[PDB]
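This is the structure I want to talk about, given as structure tokens.
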């Protein structure tokens, strides 16, 4: 039960062409065949037992790492670094200030991943990108 | 009044291309599947659905429409059905051609017995016109009684160059009635081995003939392939081809083709039931021969050495070949 | 020219840019020279159709806001067209009420703008016909654009299109 | 319960329904009697077999016989194969009864209709629950 | 309804109408029943 | 060829050989019910626009 | 024998059992042809693999089909109409779809609520058919040798004490005749 | 979508027009027989460009009809719909089955199954309309419809669209 | 158009054939019977065939005969330029 689609249960042995995709919103594994049949018309609820978050077909992407948890960390890290980006010269060589900044952006990723305070963190991200 | 106006462009026929129907094409072309050997329902009021005179096939009555095109008798050209034969059967007009091809190609691997490595074969393959090229190929390849897995090299006799083969000795095919029987000669330690080449067996070999193999024999890949000479799906001509006449209009008469088609359905259904359960091999063979005879007589009732299909009155059944040939035929 | 029998033909789908056997990218004019498929957005089509109608009117006799413009096209269409013009009348009415670029100057700039992307003629026409505010909207409304133009170029193109159009 | 597929010829101009229709067989035309407008032209007036719809229902069969050239071996086996038909067996019983009815009626010097009625009477009343424990001889005699 | 269709070809736009004798239509249909397919084409394939 | 003799045998051979008939002879056109390229049909009658203007 | 016929015929059709006919010459009776039945593992495995794939594929295709719009049908002529086909047959008032043969209002088709039922059907079959795939996976890892009438005789356990049939394969001396499906690698 | 296509047609002229001004009659016939017509191959033919430079080939007299057949080569603008295309239009009519938009010379049918779940049909309102929390769809409204399928006949084209996807529906 | 022999290299006879005359007269007679513009003055004639004969005599038939060749090439000959001597 580690090489089959949880919904259609299309085993790789009988369907060697089966390809699995993942969605950033909930990070669930779904085979390409199910993606077309259920999302071609338009957005729909995720086809999982206990998942009621809507998603779009265009957002599907192939998983890079084999660990789902790390995928969430990396993609969240990519989103955060798209806004919180700085270098050593930005602080004129103040390594102490740079170290503090690195922790702040690192801490922001930690809270966002585990959802300690989603509202404040997400609002914090929203305001900085405009600057 | 005349025919109704049509938006399609009007042209003149410039070329006619003949060929053979593929089993897939017959099914795709067919508008309905015929599975009942009857013509009218139990009430004798309307034609039975799925029967020989299915309304979907067309109409021959001036007061009825066609269930397909919803057009009158004078406008409906007729629509074709199809019957799925239980087992493949030969085409009565191609039995002689099938025999010649069978000798040309190997009966195990479906490869021409003589390749381009033979000087005589090269001359035969160099002939342009298909008909004489096939005759030359047949003459050289009919006498070969072994597949020649290995053949001497053209350059020198010392070494042998391997060619696609299997080493099985070819049989001396003969035509007995409507069946092709092959015989094998065994090396002296005598009596030859005799068995009947099943139509399914011959169909399998014809399917294994390469595109290059049967093109040299004169077959066209797009239109006429050797495998299609064996009937697997039988098209059903529309009612216009086999109209039902009336003498006093209180008595109903059917065309000779309709009874022949009914006979094919009855034989086909009988074979399906037999092969489904039990039916020892002896019973299967006799039923298969019955299906072959009806199809052959339906296409051609005048076969040398075979019995003639006779009507209730006793006169011979008028087949499609009889209609087309003669001074009073279609042509 | 000999194998006339059925061959598996690709389905007519816009998402895959498979316009069919007759609307291929390469086209041959009546003379015989090779030409590219001519795809017109709503604004370009309105000008081309109107430019032909005005020329047609000249041939016979010789030998603005949406409201008044709609009436002006209506009178011109009837005068310079024959019977059974039901389809054309709706087309002109639809084009005026849905066209974004009015005159040649704005239309010419739009063509001068989007041809630098090098996209398919069908795609560029779609961009000039549908008004999109964000790169995501254009990508989903025109799936063919995906994996052809980066969001950086697409975002600026749409922004410039919006600033080149006034009513 | 099924498609209509019925055509009624009415004069488009006269519009009178039902219409007065005259069939000019010699001219092969169907013409309106009031205005003369032709509603249908090219009217149509051995390549068949004599079939009886009632006494035989819908049963089509063909016989196998010798021709100008034929080997006796093929004829015998084909007839043997034809006889061993499960579906045609059921109808053969009715035909067999008809044959015996014909023999009895013919031996009685009875008219053709009497033979026809006896055969029809057997067919109508055969294959019924009430007449299952009665001898076939009584069944044939009662029909005759 | 001004609709034409050739099922088995999945086409509805490449239809042509030809005036032929009804006997000619009967002949080709009879040949169709005999597994012979006569194809009537409105343009030349090979050069004259 | 089928119009003369061996009608069915010839037609079967054509089907196997996938023969192409160009319909040049009288027999083909007579079968198809179209004007054969014989006598008055050995040419095409066209309309001359260059001459229509000059006859008035 | 009559009851055995249907069983052998169906098993032969699925190629789970192979047949072999050979001429026998009893020393005391006239020669009679005997029929033997055995199992050709490559044939049965090949047949089983295809059928399992077909059944799974059919359900997946059927499940995909049920996700598409329902469609339309005519109650009178029982002719099914697709959404595209029904659009062009609507009336002038453009309020109800009209049939061609019948000129009668159409009725919406069923299968709108089966989106979940077919998913349940596929779920059950995959769980039920688990041992087959597991067995096939091990089969593919190893290599099986094709069985033959002579080869099968090596493992023979005589059924009876004095069986009339001779469980021996004495091929005819130097015979070039070859029968279909009677030669194995 | 609108294209500029090169098209050819076969026009038949009755002998009554075999006069010195027959070329004008052919040009008139082209406008009356091509413009406003629908073809499943090239779509809706809207307007003929370069009306003054239409190439007229020599006419062939039909044997029995007696009319001259002319091969006419012309340049025209054709509206050809495609599956997967996104178009804007106006809702010409509404009904229980669905509402159809008017896109150029074509009408796209939007089926209830191709509509979002929230939208529901309401026949009590005059005119009938599909009402939802965010928007109401009524005759003369503007809808962005994606063509989910096209059926092209020799002289007719019908399409079905959907508005379930994002950035579709009311504009 | 390689099948259209130029007017300068036409090698066919300059004389109208009996079949060409018969079809031209019949072709134009049908057009006259279907209300075609007659380009010749009529001194009183009701039969379309007789009118066509009058037009042929005065060379007022606006038709060109496309004479085909066995290889598919053709030559266009106007009725006016074709000599009618038979």
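Each chain gets a letter, A, B, C, D, E, F, G, H and I, in the order it is written, and its residues are counted from 1.
The criterion applied here is as follows: contacts are C-beta pairs under 8 Å (C-beta built on N, C-alpha and C of every residue); 3 or more make two chains touch, one makes a residue touch a chain.
Set side by side, D-G and G-H show the greater C-beta contact count at G-H.
Placing every chain at the mean of its C-alpha atoms, the farthest one from subunit D is found to be A. For this pair, subunit B with subunit D, the centres built from the Cα atoms lie 32 Å apart. In this assembly, the C-alpha centroid of subunit D lies 55 Å from the C-alpha centroid of subunit H. Note on chain placement: the centre of subunit C and the centre of subunit H lie 15 Å apart, centres being C-alpha means.
Measuring from the averaged C-alpha position of subunit F to that of subunit I gives a distance of 22 Å.
In subunit E, the residues that reach two or more other chains under the touch definition are 2, 4, 8-9, 15, 19-20, 27, 34-37, 39, 41, 44-46, 48.
Each of residues 11-12, 14-15, 20, 22, 31-32, 34, 44-48, 52, 55-56 in subunit F touches at least two other chains.
Counting partner chains per residue, subunit A shows two or more touched chains at residues 56.
The touching residues of subunit F, counted against subunit B in their complex, run 2-3, 7-9, 11-23, 28, 31-32, 34. If you check the complex, the residues on subunit C that touch subunit H are 11-16, 19, 22-23, 27-30, 37-42, 44-45, 48-49, 52-53, 55-56, 59, 81-88, 90-91, 94-95, 97-98, 122, 125-126, 130, 132, 137, 140-143.
Contact residues of subunit H toward subunit E in the complex are 40-41, 152-156. Those residues of subunit I that touch subunit H in the shared complex are 27, 30-32, 34-37, 62-64, 76. Across the interface of their complex, subunit F is touched by residues 12-20, 93-94, 97, 130-131, 218-220, 222-224, 229, 300, 321, 324-325, 329, 331 of subunit B.
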